[PDB]
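Form deposited without this ligand, single chain, as structure tokens, below.
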């Protein structure tokens, strides 16, 4: 059905009422979201169906209808915007300067903004509006707040 570019909510009628389990990006006919949102399950878009095409539990990413299309990267210097789409609430741009996740295999950008788990898959943008990653996979620091990585896939 709806394949127009944009940010979308991922809903389920399985639990009580309609519950938002996550968010995703539609770009070039491909829906991009985090693996933990759908678990690789099929998705519905009105009367149409979206079938998983690529996915990886370790990266925590999944694409529907085609290969991962998003390949912009954080420059390691500039402020970014989390286009947060929280459950039952309007989409809203939040500007922040990312921190750093230091790993044994290199450093990753990290946005320190606290949002409900159902906000997972919300895009992080550069000043050009290009998607540099998705919010939803990170860690819980000492006080209980969430610090998420700027998770990006690979455009083959």
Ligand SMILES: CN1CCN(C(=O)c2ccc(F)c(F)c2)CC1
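Positions refer to the first chain, counted from 1.
Same protein, other form: the form solved in complex with this ligand, not shown, and the subject of what follows.
Check your understanding: Site superposed, this ligand placed from its pose in the entry with it bound: open or blocked, blocked meaning at least 3 ligand atoms within 2.4 Å of a backbone or C-beta atom?
Key -> Result: blocked.
Practice item. Using heavy atoms only and a 4.5 Å cut-off, decide whether all three of 4, 8 and 130 touch this ligand in the entry with it bound. Key: Not one of the three qualifies.
**Study point:** Heavy atom of residue 67 within 4.5 Å of this ligand in the entry with it bound
**Key:** Yes - in the entry with it bound, heavy atoms of residue 67 and this ligand come within 4.5 Å of each other.
Check your understanding: Would residue 59 show up as a contact with this ligand in the entry with it bound if we use heavy atoms at 4.5 Å?
Key -> Within the cut-off, so yes.
Review point. Considering only 20-58, what residues come within 4.5 Å of this ligand in the entry with it bound, judged by heavy atoms?
Key: 53, 54 sit within 4.5 Å of the partner.
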